[PDB]
$ cat run.txt   # compact mmCIF, C-alpha atoms
# COMPACT_ATOMS: atom_id res chain seq x y z
CA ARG A 7 101.20 124.16 107.49
CA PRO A 8 104.02 121.66 108.30
CA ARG A 9 106.20 120.11 105.57
CA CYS A 10 107.77 116.68 105.98
CA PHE A 11 110.01 114.52 103.85
CA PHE A 12 110.89 110.90 103.02
CA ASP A 13 114.13 109.94 101.21
CA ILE A 14 113.23 106.64 99.58
CA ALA A 15 115.53 103.74 98.63
CA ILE A 16 114.48 100.71 96.58
CA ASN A 17 116.66 97.69 97.30
CA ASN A 18 119.09 100.14 98.86
CA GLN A 19 119.34 102.40 95.79
CA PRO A 20 118.10 106.01 96.26
CA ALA A 21 114.85 106.62 94.28
CA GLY A 22 114.57 110.21 95.54
CA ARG A 23 112.64 112.41 97.98
CA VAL A 24 108.91 112.65 98.65
CA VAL A 25 107.79 115.93 100.33
CA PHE A 26 104.37 116.26 102.03
CA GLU A 27 102.34 119.24 103.15
CA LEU A 28 100.32 118.54 106.29
CA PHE A 29 96.77 119.97 106.64
CA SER A 30 97.35 120.96 110.27
CA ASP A 31 94.49 123.49 109.97
CA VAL A 32 92.14 120.51 109.28
CA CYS A 33 93.41 117.61 111.46
CA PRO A 34 96.02 118.99 113.83
CA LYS A 35 96.32 115.90 116.08
CA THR A 36 96.76 113.59 113.06
CA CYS A 37 99.32 115.98 111.55
CA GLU A 38 101.29 116.26 114.82
CA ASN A 39 101.59 112.50 115.04
CA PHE A 40 102.93 112.16 111.46
CA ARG A 41 105.20 115.17 111.92
CA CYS A 42 106.80 113.67 115.06
CA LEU A 43 107.12 110.20 113.51
CA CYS A 44 109.17 111.86 110.72
CA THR A 45 111.45 113.65 113.15
CA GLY A 46 111.44 110.85 115.76
CA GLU A 47 111.26 113.58 118.46
CA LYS A 48 108.77 111.81 120.81
CA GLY A 49 111.19 108.91 121.46
CA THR A 50 110.00 105.39 122.37
CA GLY A 51 106.65 103.82 121.51
CA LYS A 52 104.69 103.06 124.62
CA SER A 53 103.30 99.60 123.77
CA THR A 54 105.83 98.81 121.03
CA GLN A 55 108.99 99.83 122.95
CA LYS A 56 110.49 100.94 119.63
CA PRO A 57 111.34 104.37 118.27
CA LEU A 58 108.39 106.46 117.19
CA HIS A 59 110.27 107.11 113.92
CA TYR A 60 109.76 106.32 110.23
CA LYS A 61 113.54 106.15 109.61
CA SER A 62 114.27 102.64 108.17
CA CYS A 63 110.49 101.93 107.88
CA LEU A 64 109.10 100.04 104.88
CA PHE A 65 106.28 100.66 102.43
CA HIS A 66 105.05 97.13 103.29
CA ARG A 67 101.98 97.21 101.02
CA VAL A 68 101.56 98.35 97.40
CA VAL A 69 98.47 98.02 95.21
CA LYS A 70 98.85 99.35 91.63
CA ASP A 71 96.04 101.78 90.73
CA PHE A 72 95.10 102.20 94.41
CA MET A 73 97.71 103.19 97.01
CA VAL A 74 101.09 102.57 98.71
CA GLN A 75 101.12 101.90 102.44
CA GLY A 76 103.89 102.12 105.07
CA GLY A 77 104.62 103.35 108.59
CA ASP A 78 104.64 99.98 110.44
CA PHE A 79 107.85 100.72 112.25
CA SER A 80 107.72 97.87 114.76
CA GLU A 81 106.75 94.88 112.53
CA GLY A 82 107.18 96.04 108.91
CA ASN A 83 104.12 94.13 107.74
CA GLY A 84 100.86 95.85 108.80
CA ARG A 85 100.60 94.22 112.28
CA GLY A 86 102.58 96.82 114.23
CA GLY A 87 102.91 100.51 114.77
CA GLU A 88 101.66 102.95 117.36
CA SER A 89 100.81 106.68 117.53
CA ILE A 90 102.88 109.26 119.46
CA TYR A 91 100.10 109.43 122.10
CA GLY A 92 100.34 105.76 123.27
CA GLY A 93 98.28 103.26 121.26
CA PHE A 94 95.78 104.59 118.74
CA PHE A 95 93.81 107.81 118.42
CA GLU A 96 90.37 108.93 117.24
CA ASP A 97 89.38 109.70 113.67
CA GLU A 98 89.60 113.50 113.75
CA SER A 99 88.19 114.71 110.32
CA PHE A 100 86.48 113.35 107.21
CA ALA A 101 86.52 116.88 105.62
CA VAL A 102 89.22 116.19 102.99
CA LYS A 103 87.98 113.82 100.28
CA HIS A 104 89.92 110.89 98.75
CA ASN A 105 89.39 112.43 95.32
CA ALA A 106 92.91 112.39 93.76
CA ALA A 107 96.24 110.58 93.69
CA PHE A 108 98.98 111.73 96.02
CA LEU A 109 96.76 112.29 99.06
CA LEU A 110 98.21 111.25 102.46
CA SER A 111 95.79 109.36 104.66
CA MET A 112 95.72 107.18 107.78
CA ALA A 113 95.61 103.44 107.39
CA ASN A 114 93.71 101.79 110.27
CA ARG A 115 92.13 98.61 111.69
CA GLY A 116 88.57 100.10 111.73
CA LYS A 117 86.97 103.03 113.64
CA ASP A 118 89.32 105.10 115.90
CA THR A 119 92.43 102.89 115.42
CA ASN A 120 94.88 105.58 114.03
CA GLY A 121 98.48 104.57 114.84
CA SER A 122 101.67 105.25 112.81
CA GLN A 123 100.52 103.65 109.57
CA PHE A 124 99.72 105.77 106.49
CA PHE A 125 98.96 105.43 102.83
CA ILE A 126 99.50 107.62 99.72
CA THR A 127 96.61 107.27 97.26
CA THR A 128 97.54 106.64 93.58
CA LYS A 129 94.08 107.22 92.03
CA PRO A 130 90.82 108.72 93.28
CA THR A 131 89.61 106.40 96.06
CA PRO A 132 86.30 107.96 97.15
CA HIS A 133 85.13 104.77 98.84
CA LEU A 134 87.70 105.45 101.61
CA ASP A 135 85.90 108.67 102.65
CA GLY A 136 84.59 108.35 106.28
CA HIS A 137 86.82 105.35 106.91
CA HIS A 138 90.25 106.97 106.68
CA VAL A 139 91.37 110.43 107.68
CA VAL A 140 93.01 112.43 104.86
CA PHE A 141 95.59 114.71 106.58
CA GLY A 142 98.09 115.72 103.86
CA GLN A 143 99.31 115.71 100.27
CA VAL A 144 102.44 115.06 98.23
CA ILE A 145 103.99 118.38 97.00
CA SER A 146 107.06 116.89 95.30
CA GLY A 147 108.31 113.37 94.49
CA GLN A 148 105.18 112.23 92.66
CA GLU A 149 107.43 110.18 90.28
CA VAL A 150 108.97 108.40 93.30
CA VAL A 151 105.43 107.44 94.49
CA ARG A 152 104.74 105.99 90.96
CA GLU A 153 108.02 104.09 91.16
CA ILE A 154 106.85 102.53 94.48
CA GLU A 155 103.37 101.83 93.09
CA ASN A 156 104.98 99.88 90.25
CA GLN A 157 106.95 97.47 92.50
CA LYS A 158 106.31 93.76 91.90
CA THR A 159 104.71 92.38 95.05
CA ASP A 160 104.31 89.04 96.84
CA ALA A 161 101.08 87.27 97.89
CA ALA A 162 100.43 89.83 100.66
CA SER A 163 101.13 92.84 98.28
CA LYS A 164 104.51 93.40 99.96
CA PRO A 165 107.17 94.49 97.49
CA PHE A 166 109.83 91.91 96.57
CA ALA A 167 112.26 94.85 96.55
CA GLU A 168 112.77 96.58 99.89
CA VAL A 169 111.07 100.07 99.66
CA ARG A 170 112.59 101.83 102.66
CA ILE A 171 112.54 105.29 104.19
CA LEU A 172 116.36 105.86 104.50
CA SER A 173 115.97 109.34 105.93
CA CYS A 174 113.01 111.49 107.00
CA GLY A 175 112.14 114.66 108.88
CA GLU A 176 110.55 118.06 108.79
CA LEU A 177 111.42 120.86 106.43
CA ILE A 178 111.85 123.90 108.73
CA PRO A 179 111.07 126.94 106.59

$ encode --input "run.txt" --output "C-alpha cells"
Amino acid sequence: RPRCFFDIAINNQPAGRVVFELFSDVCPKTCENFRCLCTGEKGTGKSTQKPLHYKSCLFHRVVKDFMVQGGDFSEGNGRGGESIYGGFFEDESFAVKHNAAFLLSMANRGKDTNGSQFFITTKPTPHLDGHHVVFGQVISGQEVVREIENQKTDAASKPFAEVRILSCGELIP
C-alpha cells in the first residue's frame, strides 16, 4: 500500500505533517491519481494547463464536525481541479465505509466526476457512502487535521487563515 504526505502551514506557519495510507488494493485507479498528485510526477493538467500537483494547494473548505476539503489546485475554491487521466474518472469502489474520522475520500460534482479534489472526514459520515469513494486513511497527523477542522471560516466555509500544503509527496519505504 502507498504512503503519501502533506506538510501543512496555517497562515504560513508550519502546523505539521499529515501521512496517509492508500488502499491501492481496493481502489487502485483512485489511489494512483492521489499518489501522483502528491508527487506531481504526471506533469501538466490537460484541461487546466496547470501542474497536477498538490504543492501550494489549499484546504479551501472546512466544516467542523464533518470534514476538511482541498485539492483544487487550479482555482483554490472548489471550481477547479482535474485528475491525472485528463478530466474526471469513474467511481471505482464503495467498499470502504465512511464510518470514522480521518478517512480520505474523493470530493466530486455528482456521479463519476472524480478529479483532484479530496476530503478528510472528521466524524462518521455514513450518508456519504455510495456518493464518494473512500480510498485511504490518515496514519499520522490526526492533530493537524483537528487544527484545520477548527479554522474560522467565511460564508463559503473557506478558512480565513490560509491552510496550505507547503510540501507533499510519497514516502518510499

$ atom_distance --input "run.txt" --atom1 "atom CA of residue 57 of chain A" --atom2 "atom CA of residue 45 of chain A"
10.6 Å

$ closest_atom_pairs --input "run.txt" --of "segment 58-175 of chain A" --to "segment 21-26 of chain A" --cutoff "6 Å" --atoms "all atoms listed in the file" --output "Markdown table"
| residue | atom | partner | partner_atom | distance |
| --- | --- | --- | --- | --- |
| A:143 | CA | A:26 | CA | 5.4 |
| A:144 | CA | A:26 | CA | 4.4 |
| A:145 | CA | A:26 | CA | 5.5 |
| A:146 | CA | A:25 | CA | 5.2 |
| A:147 | CA | A:24 | CA | 4.3 |

$ closest_residue --input "run.txt" --among "A:39, A:75, A:123, A:80" --to "residue 92 of chain A" --atoms "all atoms listed in the file"
A:39

$ residues_around --input "run.txt" --residues "residue 165 of chain A" --least-positions-apart "6" --cutoff "9 Å" --atoms "all atoms listed in the file" --output "PDB file with C-alpha atoms, in the frame of the given file"
ATOM      1  CA  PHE A  65     106.280 100.660 102.430  1.00  0.00           C
ATOM      2  CA  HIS A  66     105.050  97.130 103.290  1.00  0.00           C
ATOM      3  CA  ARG A  67     101.980  97.210 101.020  1.00  0.00           C
ATOM      4  CA  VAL A  68     101.560  98.350  97.400  1.00  0.00           C
ATOM      5  CA  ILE A 154     106.850 102.530  94.480  1.00  0.00           C
ATOM      6  CA  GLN A 157     106.950  97.470  92.500  1.00  0.00           C
ATOM      7  CA  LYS A 158     106.310  93.760  91.900  1.00  0.00           C
ATOM      8  CA  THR A 159     104.710  92.380  95.050  1.00  0.00           C
TER       9      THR A 159
END

$ atom_distance --input "run.txt" --atom1 "atom CA of residue 53 of chain A" --atom2 "atom CA of residue 115 of chain A"
16.5 Å

$ residues_around --input "run.txt" --residues "residue 107 of chain A" --least-positions-apart "6" --cutoff "9 Å" --atoms "all atoms listed in the file" --output "ChimeraX atom specification"
/A:72-73,126-131,143-144

$ atom_distance --input "run.txt" --atom1 "atom CA of residue 120 of chain A" --atom2 "atom CA of residue 149 of chain A"
27.3 Å

$ closest_residue --input "run.txt" --among "A:108, A:29, A:11, A:166" --to "residue 71 of chain A" --atoms "only C-alpha atoms"
A:108

$ closest_residue --input "run.txt" --among "A:172, A:106, A:16, A:139" --to "residue 59 of chain A" --atoms "all atoms listed in the file"
A:172

$ closest_residue --input "run.txt" --among "A:8, A:179, A:84, A:116" --to "residue 44 of chain A" --atoms "only C-alpha atoms"
A:8

$ closest_residue --input "run.txt" --among "A:162, A:109, A:103, A:10" --to "residue 142 of chain A" --atoms "only C-alpha atoms"
A:109

$ build_atoms --input "run.txt" --residues "segment 125-161 of chain A" --atoms "N, CA and C atoms" --output "PDB file, keeping the file's coordinate frame"
ATOM      1  N   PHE A 125      98.920 105.770 104.220  1.00  0.00           N
ATOM      2  CA  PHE A 125      98.960 105.430 102.830  1.00  0.00           C
ATOM      3  C   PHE A 125      98.880 106.695 101.905  1.00  0.00           C
ATOM      4  N   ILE A 126      99.482 106.576 100.716  1.00  0.00           N
ATOM      5  CA  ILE A 126      99.500 107.620  99.720  1.00  0.00           C
ATOM      6  C   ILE A 126      98.633 107.069  98.615  1.00  0.00           C
ATOM      7  N   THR A 127      97.480 107.686  98.388  1.00  0.00           N
ATOM      8  CA  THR A 127      96.610 107.270  97.260  1.00  0.00           C
ATOM      9  C   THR A 127      97.341 107.377  95.925  1.00  0.00           C
ATOM     10  N   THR A 128      97.023 106.507  94.950  1.00  0.00           N
ATOM     11  CA  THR A 128      97.540 106.640  93.580  1.00  0.00           C
ATOM     12  C   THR A 128      96.504 106.807  92.464  1.00  0.00           C
ATOM     13  N   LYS A 129      95.237 106.810  92.850  1.00  0.00           N
ATOM     14  CA  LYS A 129      94.080 107.220  92.030  1.00  0.00           C
ATOM     15  C   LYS A 129      93.051 107.841  92.966  1.00  0.00           C
ATOM     16  N   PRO A 130      91.943 108.377  92.408  1.00  0.00           N
ATOM     17  CA  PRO A 130      90.820 108.720  93.280  1.00  0.00           C
ATOM     18  C   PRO A 130      90.260 107.461  93.935  1.00  0.00           C
ATOM     19  N   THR A 131      90.112 107.510  95.250  1.00  0.00           N
ATOM     20  CA  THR A 131      89.610 106.400  96.060  1.00  0.00           C
ATOM     21  C   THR A 131      88.475 106.899  96.959  1.00  0.00           C
ATOM     22  N   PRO A 132      87.332 107.292  96.353  1.00  0.00           N
ATOM     23  CA  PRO A 132      86.300 107.960  97.150  1.00  0.00           C
ATOM     24  C   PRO A 132      85.638 107.008  98.133  1.00  0.00           C
ATOM     25  N   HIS A 133      85.744 105.705  97.900  1.00  0.00           N
ATOM     26  CA  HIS A 133      85.130 104.770  98.840  1.00  0.00           C
ATOM     27  C   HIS A 133      85.842 104.777 100.230  1.00  0.00           C
ATOM     28  N   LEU A 134      87.027 105.369 100.325  1.00  0.00           N
ATOM     29  CA  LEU A 134      87.700 105.450 101.610  1.00  0.00           C
ATOM     30  C   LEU A 134      87.232 106.634 102.454  1.00  0.00           C
ATOM     31  N   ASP A 135      86.422 107.523 101.883  1.00  0.00           N
ATOM     32  CA  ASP A 135      85.900 108.670 102.650  1.00  0.00           C
ATOM     33  C   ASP A 135      85.030 108.146 103.851  1.00  0.00           C
ATOM     34  N   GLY A 136      85.237 108.737 105.028  1.00  0.00           N
ATOM     35  CA  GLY A 136      84.590 108.350 106.280  1.00  0.00           C
ATOM     36  C   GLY A 136      85.219 107.161 106.973  1.00  0.00           C
ATOM     37  N   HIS A 137      86.156 106.511 106.308  1.00  0.00           N
ATOM     38  CA  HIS A 137      86.820 105.350 106.910  1.00  0.00           C
ATOM     39  C   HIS A 137      88.276 105.646 107.230  1.00  0.00           C
ATOM     40  N   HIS A 138      88.872 106.554 106.463  1.00  0.00           N
ATOM     41  CA  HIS A 138      90.250 106.970 106.680  1.00  0.00           C
ATOM     42  C   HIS A 138      90.362 108.482 106.633  1.00  0.00           C
ATOM     43  N   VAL A 139      91.186 109.021 107.527  1.00  0.00           N
ATOM     44  CA  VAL A 139      91.370 110.430 107.680  1.00  0.00           C
ATOM     45  C   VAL A 139      92.472 110.927 106.757  1.00  0.00           C
ATOM     46  N   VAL A 140      92.064 111.664 105.719  1.00  0.00           N
ATOM     47  CA  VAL A 140      93.010 112.430 104.860  1.00  0.00           C
ATOM     48  C   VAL A 140      93.583 113.619 105.665  1.00  0.00           C
ATOM     49  N   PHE A 141      94.922 113.663 105.807  1.00  0.00           N
ATOM     50  CA  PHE A 141      95.590 114.710 106.580  1.00  0.00           C
ATOM     51  C   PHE A 141      96.724 115.468 105.855  1.00  0.00           C
ATOM     52  N   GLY A 142      97.026 115.089 104.622  1.00  0.00           N
ATOM     53  CA  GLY A 142      98.090 115.720 103.860  1.00  0.00           C
ATOM     54  C   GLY A 142      98.106 115.365 102.375  1.00  0.00           C
ATOM     55  N   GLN A 143      99.180 115.780 101.720  1.00  0.00           N
ATOM     56  CA  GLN A 143      99.310 115.710 100.270  1.00  0.00           C
ATOM     57  C   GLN A 143     100.778 115.757  99.878  1.00  0.00           C
ATOM     58  N   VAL A 144     101.134 114.943  98.881  1.00  0.00           N
ATOM     59  CA  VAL A 144     102.440 115.060  98.230  1.00  0.00           C
ATOM     60  C   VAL A 144     102.607 116.408  97.472  1.00  0.00           C
ATOM     61  N   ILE A 145     103.678 117.159  97.780  1.00  0.00           N
ATOM     62  CA  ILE A 145     103.990 118.380  97.000  1.00  0.00           C
ATOM     63  C   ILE A 145     105.158 118.227  95.992  1.00  0.00           C
ATOM     64  N   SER A 146     106.072 117.315  96.272  1.00  0.00           N
ATOM     65  CA  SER A 146     107.060 116.890  95.300  1.00  0.00           C
ATOM     66  C   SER A 146     107.432 115.421  95.543  1.00  0.00           C
ATOM     67  N   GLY A 147     107.970 114.800  94.496  1.00  0.00           N
ATOM     68  CA  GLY A 147     108.310 113.370  94.490  1.00  0.00           C
ATOM     69  C   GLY A 147     107.180 112.486  94.005  1.00  0.00           C
ATOM     70  N   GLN A 148     106.273 113.035  93.210  1.00  0.00           N
ATOM     71  CA  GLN A 148     105.180 112.230  92.660  1.00  0.00           C
ATOM     72  C   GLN A 148     105.720 110.997  91.850  1.00  0.00           C
ATOM     73  N   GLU A 149     106.756 111.235  91.059  1.00  0.00           N
ATOM     74  CA  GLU A 149     107.430 110.180  90.280  1.00  0.00           C
ATOM     75  C   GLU A 149     108.055 109.063  91.148  1.00  0.00           C
ATOM     76  N   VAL A 150     108.511 109.417  92.341  1.00  0.00           N
ATOM     77  CA  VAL A 150     108.970 108.400  93.300  1.00  0.00           C
ATOM     78  C   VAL A 150     107.799 107.511  93.796  1.00  0.00           C
ATOM     79  N   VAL A 151     106.665 108.138  94.124  1.00  0.00           N
ATOM     80  CA  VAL A 151     105.430 107.440  94.490  1.00  0.00           C
ATOM     81  C   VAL A 151     105.023 106.445  93.371  1.00  0.00           C
ATOM     82  N   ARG A 152     105.017 106.894  92.108  1.00  0.00           N
ATOM     83  CA  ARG A 152     104.740 105.990  90.960  1.00  0.00           C
ATOM     84  C   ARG A 152     105.732 104.823  90.905  1.00  0.00           C
ATOM     85  N   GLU A 153     106.992 105.111  91.177  1.00  0.00           N
ATOM     86  CA  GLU A 153     108.020 104.090  91.160  1.00  0.00           C
ATOM     87  C   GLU A 153     107.716 102.994  92.221  1.00  0.00           C
ATOM     88  N   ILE A 154     107.245 103.429  93.384  1.00  0.00           N
ATOM     89  CA  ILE A 154     106.850 102.530  94.480  1.00  0.00           C
ATOM     90  C   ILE A 154     105.610 101.739  94.089  1.00  0.00           C
ATOM     91  N   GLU A 155     104.603 102.445  93.583  1.00  0.00           N
ATOM     92  CA  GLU A 155     103.370 101.830  93.090  1.00  0.00           C
ATOM     93  C   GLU A 155     103.591 100.701  92.086  1.00  0.00           C
ATOM     94  N   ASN A 156     104.658 100.820  91.310  1.00  0.00           N
ATOM     95  CA  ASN A 156     104.980  99.880  90.250  1.00  0.00           C
ATOM     96  C   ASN A 156     105.872  98.688  90.712  1.00  0.00           C
ATOM     97  N   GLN A 157     106.106  98.571  92.012  1.00  0.00           N
ATOM     98  CA  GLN A 157     106.950  97.470  92.500  1.00  0.00           C
ATOM     99  C   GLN A 157     106.182  96.164  92.271  1.00  0.00           C
ATOM    100  N   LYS A 158     106.887  95.116  91.828  1.00  0.00           N
ATOM    101  CA  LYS A 158     106.310  93.760  91.900  1.00  0.00           C
ATOM    102  C   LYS A 158     106.171  93.333  93.372  1.00  0.00           C
ATOM    103  N   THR A 159     105.016  92.776  93.700  1.00  0.00           N
ATOM    104  CA  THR A 159     104.710  92.380  95.050  1.00  0.00           C
ATOM    105  C   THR A 159     104.496  90.862  95.188  1.00  0.00           C
ATOM    106  N   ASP A 160     104.521  90.419  96.445  1.00  0.00           N
ATOM    107  CA  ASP A 160     104.310  89.040  96.840  1.00  0.00           C
ATOM    108  C   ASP A 160     102.830  88.794  97.133  1.00  0.00           C
ATOM    109  N   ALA A 161     102.498  87.669  97.764  1.00  0.00           N
ATOM    110  CA  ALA A 161     101.080  87.270  97.890  1.00  0.00           C
ATOM    111  C   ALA A 161     100.332  88.180  98.878  1.00  0.00           C
TER     112      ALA A 161
END
